[PDB]
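Take a look at the structure below.
In what follows, chains carry the letters A, B, and so on, assigned in the order in which the sequence lines appear, proteins first and then strands, with residues in each chain numbered from 1. The basis for the numbers below is simple: all heavy atoms, side chains too, and nothing from hydrogens, waters or symmetry mates.
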Amino acid sequence: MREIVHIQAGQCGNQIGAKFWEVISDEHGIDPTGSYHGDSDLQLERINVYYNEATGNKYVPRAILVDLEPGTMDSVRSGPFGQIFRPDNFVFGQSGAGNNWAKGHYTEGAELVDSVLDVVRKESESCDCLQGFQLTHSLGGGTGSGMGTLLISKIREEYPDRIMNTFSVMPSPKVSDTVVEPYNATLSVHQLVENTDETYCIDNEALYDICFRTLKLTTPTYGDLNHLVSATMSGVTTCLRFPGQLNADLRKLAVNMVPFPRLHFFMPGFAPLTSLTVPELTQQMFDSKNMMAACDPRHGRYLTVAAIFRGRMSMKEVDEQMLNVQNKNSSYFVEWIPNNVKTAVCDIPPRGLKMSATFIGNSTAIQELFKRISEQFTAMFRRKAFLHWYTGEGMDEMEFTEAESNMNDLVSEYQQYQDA
Amino acid sequence: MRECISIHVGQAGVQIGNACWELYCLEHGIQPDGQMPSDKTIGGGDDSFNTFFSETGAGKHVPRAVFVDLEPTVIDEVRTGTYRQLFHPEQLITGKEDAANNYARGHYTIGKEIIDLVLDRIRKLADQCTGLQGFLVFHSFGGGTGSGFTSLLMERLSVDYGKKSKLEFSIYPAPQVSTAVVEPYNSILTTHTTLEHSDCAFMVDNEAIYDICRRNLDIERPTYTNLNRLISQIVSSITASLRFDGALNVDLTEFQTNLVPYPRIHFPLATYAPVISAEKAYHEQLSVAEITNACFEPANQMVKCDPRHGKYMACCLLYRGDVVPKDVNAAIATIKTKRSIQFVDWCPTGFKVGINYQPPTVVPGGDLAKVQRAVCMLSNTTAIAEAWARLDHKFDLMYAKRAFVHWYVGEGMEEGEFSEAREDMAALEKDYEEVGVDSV
Ligand SMILES: Nc1nc2c(ncn2[C@@H]2O[C@H](COP(=O)(O)OP(=O)(O)OP(=O)(O)O)[C@@H](O)[C@H]2O)c(=O)[nH]1
Ligand SMILES: Nc1nc2c(ncn2[C@@H]2O[C@H](COP(=O)(O)OP(=O)(O)O)[C@@H](O)[C@H]2O)c(=O)[nH]1
Ligand SMILES: N[C@@H](Cc1ccc(O)cc1)C(=O)O
Ligand SMILES: [Ca+2]
Ligand SMILES: [Ca+2]
Ligand SMILES: [Mg+2]
Ligand SMILES: [Mg+2]
């Protein structure tokens, strides 16, 4: 269980993915030219999980950049770490996806997808032992949502015994580009229920609110949102990227976090978020204001939780504080999964911080997120509003009815374990 | 990349085209001879302005445009005027005899003699595109060519380019400047015939523009030149996202996603601000708040109707110039807590915002003050149907007595075509009522 292949798709997917690579590159001591200039051996020990080695001690992200128009990837290529990516791993079309899941999944995306799979195959072929794949995308647009989920299906067909993990940005009317976002997200969620093992649910409303209410940013940009996402993705992948005992690979994480195959949608959180002691870190990481799915943890129960602490700190105190959280709020942890909170600690803290903590929760409260999308979907679908954009690509209404039913079923399955 | 081909049909379409292309040249630094010093890639490129201008190896920036009219005198002025070098002669196409304010002549008797040549010329433009996005078609409702030839051309473009996008800028008739009693017949005929062939149509009510010129620019008796300079600023606002880049820039196609909830419901209402004279603008900086407030003043609408008495299905704000999101968001919040803005129950209520940082430009000798920031609101409101109701009623008055119908029948049309078109308009009016009713 060594190599992970990363895919980033569409505008959101590429913009967040670029930031992710800048952040972990810095952490691993890799400069924009792919040269290592670090001072700790911890930096390189597991570097091969995310990077290939090239001639001259060069490290190259095992990353594939996908889009149906050139704009965002041109920007990535011009960005800070843009020259670090494999040039042959930029795979893009010209026509765009028009914020349309059907264009991403059935028409425009269908025309590009084989060339993406060719690059995926080339990367997979040079893996000693491929763990699986991580995809970054939004669910509200056309390419990341429609083409991203098409890719996931084809990857599963070709690599059915590998793990599929996604960082999936969920749309919100408060931070929205178009009105059809709920249609695109509903169509996508059904694909994710079936074809991913682990999905981190990142709600743009939560990101916005953290930026505005907590960080005191009067007018958050997508860039400000992406800074939070960056930091979170770094935190949640720490256990994959550095020496450790717990959740050290994608499958072991899945086995610890997913007690029923469809309930694999996680709420991530980060601390600190401020306009620091172990107790404070621990309280803030479990604080709903620090979580990124816009769901209230007190409205549900935790099936499983992974906590990851970073920095030099007392492991004794970490263990003490994590026990204190569970023992003092034991009702929010389902009693039929004993010892369902696992904690890891990594000595290397993220940039600019002496210590931090990252939270990954499998909570039945996540049903609130799917409920919100379901409501927004129905408000339009009851009048078949905006559907011509999809029927024009060959889809029929029955596919919308089925996706809506599938998502309502997911909501029902969470609620069942909330009352278990 | 994504090229857009403009087609200017009949007198209104051509003269509005003149004003638009002059304005585009000024916005982009293109001289009347087509040279553009700031453009360092000679003979081609993929800059934003290349969506509207091709380039020759000799450095000429050539509009991706065809001008067509059934008589020669309007296009002759282009051929002999200030921007005569801008256009290749084959882009300017004329016949000898016009449609005489008769849709039937424009679509059939005269139009049919030149339609193949026009398609051949459009094909020549299309063959130079690497990723053609679609067409923008400029025409009057009221003229014989603007109505009948446009319809014929739209039908033929559907056949030859499939569902490639076709947008219209359509000039709706006003008594202050109209030249034919039969304009309501022509308007209904062309609206019926084009409806299935157009993806999005921006109606421009000449009466709305006439009264804006009179009221906001203090022009005693507006001429076409006055009207067209204002119209071009509005068209420019709408196309700016296609012609300029920018971080906060949002493509017109993305606004269209929100604006068109059903194929027939594809007529956005444009409202533009600020329209102000140099004398009044001097020492008076109109803020983002001020210009945004002005978009909900019906007097600034490009079609006379009352959105306060209808329902919204979308609201988009297209800003240009010195504008930042913080100020937009603040202006929008104020407006929310003070305006008659009611949405249908099946659409989200959030306003969709785009910002193009390139400041607005004015043509020398014009009436508009040069301003640091401007805005065009595009809304989808049930109120726009009032424009159809007014035209439909004038149609009914004359058609009940079959007044002037013999002019159309004489050119080969049947009364059946009139009733079919009018029934389609009655269905469109009903469509607009239905979308506004609350969900059960
Ligand atoms: N805004 C504006 N409206 C115009 C202009 N020229 C004509 N109109 C309007 O267009 C309608 C008349 O149609 P035209 O475009 O002149 O006629 P045409 O397309 O050339 O058709 P025929 O001459 O009948 O072959 C009337 O409603 C006029 O007020 C113009 O330059 N600007
Ligand atoms: N957090 C975040 N969300 C984004 C970004 N860009 C777009 N979005 C969101 O992504 C969705 C639109 O999809 P997008 O990625 O732009 O479309 P695509 O290129 O077709 O995949 C909406 O919900 C937007 O709010 C970004 O950079 N960051
Ligand atoms: N009640 C209809 C309204 C409608 C209007 C125009 C149409 O073309 C179609 C439907 C609906 O929302 O479904
Ligand atoms: Ca294609
Ligand atoms: Ca050039
Ligand atoms: Mg986008
Ligand atoms: Mg004429």
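- Between the side chains of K166(B) and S158(B), at least one donor N or O lies within less than 3.5 Å of an accepting N or O.
- Listed for the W389(A) side chain is no donor-acceptor partner under 3.5 Å among the backbone atoms of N100(A).
- Here the side chains of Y319(B) and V288(B) are in contact, with some heavy-atom distance below 4.5 Å.
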Decide side-chain contact (heavy atoms from CB on, under 4.5 Å) for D199(B) and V260(B); before the verdict, give the C-alpha distance in whole Å, the side-chain angles of both, and the deciding distance to 0.1 Å.
CA-CA 8 Å; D199(B) 298 290; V260(B) 181; over 6 Å; no
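- The minimum heavy-atom distance linking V275(B) with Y272(B) is given by the pair CG2-CD2, 3.7 Å.
- The minimum heavy-atom distance between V62(B) and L86(B), with the atom names listed, is CG1-O, 3.7 Å.
- Taking all atoms of both residues into account, the shortest heavy-atom contact from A63(A) to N89(A) is O-ND2, 2.9 Å.
- The distance from the CG atom of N258(B) to the SG atom of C316(B) is 5.5 Å, given to the nearest 0.5 Å.
- A perpendicular orientation is assigned to the rings of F90(A) and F85(A), their planes being inclined by more than 60° (bins at 30° and 60°).
- One distance of note links SG of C376(B) with CG of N300(B); it measures 11.5 Å at 0.5 Å rounding.
- Salt bridge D127(B)/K124(B): absent, no basic N to carboxylate O contact under 4.0 Å.
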Set out, in order, the CA-CA distance, both residues' side-chain angles and the distance that settles side-chain contact (heavy atoms from CB on, under 4.5 Å) for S54(B) and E3(B), then state yes or no.
CA-CA 9 Å; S54(B) 65; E3(B) 300 88 350; over 6 Å; no
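- In this structure, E254(B) contributes its side chain and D251(B) its backbone to no donor-acceptor pair below 3.5 Å.
- Counting non-hydrogen atoms of neighbouring residues, nucleotides and ligands closer than 6.0 angstrom, the CD atom of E290(B) exceeds 12 such neighbours.
- Here the shortest heavy-atom pairing between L70(B) and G111(B) reads CD1-N, 4.2 Å.
- Rounding to the nearest 0.5 angstrom, the gap separating the CZ atom in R84(B) from the CG atom in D33(B) is 10.0 Å.
- With hydrogens and angles disregarded, no donor-acceptor distance shorter than 3.5 Å links the side chain of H61(B) to the backbone of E55(B).
- Minimum heavy-atom separation, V14(B) to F67(B): O-CE2, 3.6 Å.
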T150(B)/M154(B) under side-chain contact (heavy atoms from CB on, under 4.5 Å): CA gap, chis, key distance, verdict:
CA-CA 6 Å; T150(B) 300; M154(B) 293 287 281; 4.0 Å; yes
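- There is no side-chain donor-acceptor pair under 3.5 Å between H107(B) and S151(B).
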Working for salt bridge (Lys or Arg N to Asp or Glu O under 4.0 Å), residues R156(B) and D116(B):
CA-CA 9 Å; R156(B) 292 289 290 272; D116(B) 291 317; 2.7 Å; yes
Salt bridge (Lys or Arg N to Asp or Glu O under 4.0 Å) between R123(B) and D120(B), intermediate numbers included
CA-CA 5 Å; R123(B) 174 65 59 186; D120(B) 289 7; over 6 Å; no
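- The main-chain N or O of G44(B) is found under 3.5 Å from a side-chain atom of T41(B) such that the two form a donor-acceptor pair.
- In this structure, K280(B) contributes its side chain and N216(B) its backbone to no donor-acceptor pair below 3.5 Å.
- Of the possible polar contacts, none joining the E108(A) side chain to the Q94(A) backbone as a donor-acceptor pair under 3.5 Å is found.
- A side-chain N or O of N226(B) and one of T223(B) form a donor-acceptor pair less than 3.5 Å apart.
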Criterion side-chain contact (heavy atoms from CB on, under 4.5 Å) on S232(B) and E22(B), from CA distance to verdict:
CA-CA 9 Å; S232(B) 70; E22(B) 166 169 30; over 6 Å; no
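- The backbone N or O of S241(B) sits less than 3.5 Å from a side-chain atom of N249(B), completing a donor-acceptor pair.
- Counted by atom type alone, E168(B) and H139(B) present one or more donor-acceptor pairs between their side chains at under 3.5 Å.
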Check the pair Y222(A), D177(A) against side chain to side chain donor-acceptor pair (under 3.5 Å), reporting the backbone distance first and the verdict last.
CA-CA 11 Å; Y222(A) 274 130; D177(A) 298 337; 2.7 Å; yes
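- Legend: salt bridge (charged side-chain N to carboxylate O under 4.0 Å, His left out) pairs involving residues 63-90 of chain A, not counting sequence neighbours, sorted by first then second residue: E69(A)-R2(B), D74(A)-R77(A), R86(A)-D88(A).
- Among residues two or more places apart in sequence or in another chain, the ring pair (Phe, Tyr, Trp, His ring centres under 6.0 Å) test is passed with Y24(B) by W21(B), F52(B).
- Of the possible donor and acceptor atoms, none in the side chain of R105(B) sits under 3.5 Å from a partner among the backbone N and O of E97(B).
- In this structure, the separation between CG on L317(B) and NZ on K352(B) is 11.0 Å, given to the nearest 0.5 Å.
- Shown here for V362(B) and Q233(B), the closest heavy-atom pair between the two residues is CA-NE2, 4.0 Å.
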From CA spacing to verdict: side chain to side chain donor-acceptor pair (under 3.5 Å), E27(B), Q358(B)
CA-CA 8 Å; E27(B) 287 179 16; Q358(B) 156 104 355; 5.5 Å; no
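- Side-chain atoms of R121(B) never come within 3.5 Å of backbone atoms of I93(B) as a donor-acceptor pair (strictly under, hydrogens ignored).
- Checked by atom type and distance alone, the side chain of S165(B) never pairs as donor or acceptor with a backbone atom of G134(B) at under 3.5 Å.
- Note that the CD atom of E71(B) and the OG1 atom of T94(B) stand 8.5 Å from one another [nearest 0.5 Å].
- Here the CG-OG distance, from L242(B) to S236(B), works out to 10.5 Å after rounding to the nearest 0.5 Å.
- The side-chain heavy atoms of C20(B) and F138(B), taken from C-beta on, include a pair separated by under 4.5 Å.
- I84(A) has its side chain out of reach of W21(A): every pair of non-hydrogen atoms, C-beta onward, lies at least 4.5 Å apart.
- The number of heavy atoms from other shown groups lying within 6.0 Å of CD (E196(B)) does not exceed 12.
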